[PDB]
């Protein structure tokens, strides 16, 4: 169906594998040379993008107005390739979303789409004891290797996967104002 194809097109055109010293993560290319990754990926001066050593020109760890981490890190990459602009799919406000999917690349044998079900704007949680804001929660047993996975519905790019406890999974919310 179109929602599955939209997800496969996000993988094909707007995803990459980001390797840092903390492991491999699914990276979302937002536009131009800007890619997002979970903050806990801890990208250094150089990362790998699909195995290619790439200098990071600038890195921006995003925080809310109270100085709480959003678990979104924006990276400007020193590479020739430009990502298709997907900002128009990113919502302007916090909300709930029924029947969402996660598009996974890193740590998978091939591009994978997981149907995670209904998503709710969940507020702040503690991820390994650290307060993290603007969480999107789903009742799906997400696992190790899923981080950076892209939360989406047809025509909507909603978040990036950051954590879970074996029952629930959590994404850092993507808001359009972060990138405009």
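Residue numbers count along the first chain shown, from 1. Rigid core (definition): largest C-alpha set, two forms, superposition within 1.5 Å.
Student: With the rigid core as the fit anchor, does 137-145 or 122-130 show bigger C-alpha shifts in 5 other deposited structures of this protein?
Tutor: Result of the core-fitted comparison in 5 other deposited structures of this protein: 122-130 deviates more.
Student: Averaging the C-alpha B factors as listed in the entry, name the stretch that ends up higher: 140-148 or 65-73.
Tutor: Going by the record's values, the stretch with the higher mean is 65-73.
Student: Look up the CA B-factors in the entry and say which stretch, 40-48 or 116-124, has the higher mean.
Tutor: If you average the C-alpha B-factors of 116-124 and of 40-48, the larger mean comes out for 40-48.
Student: Per the entry's values, where does residue 167 land by CA temperature factor relative to the rest of its chain, in the lowest, middle or highest third?
Tutor: As the PDB entry reports it, the C-alpha B-factor of residue 167 lands in the highest third of its chain.
Student: Relative to the other modelled residues in the chain, which third contains the C-alpha temperature factor of residue 22: lowest, middle or highest?
Tutor: Its C-alpha B-factor, which the entry lists for residue 22, ranks in the highest third among residues of this chain.
Student: Ordered by C-alpha B-factor within the chain, which third holds residue 9? Give me lowest, middle or highest, please.
Tutor: Highest third of the chain for residue 9's C-alpha B-factor.
Student: Would you please rank residue 30 by its C-alpha temperature factor against the other modelled residues of its chain and give the third it falls in: lowest, middle or highest?
Tutor: Middle third.
Student: Report the third (lowest, middle or highest) to which the CA temperature factor of residue 155 belongs, ranking only the modelled residues of the same chain.
Tutor: It belongs to the middle third of the chain when residues are ordered by C-alpha B-factor.
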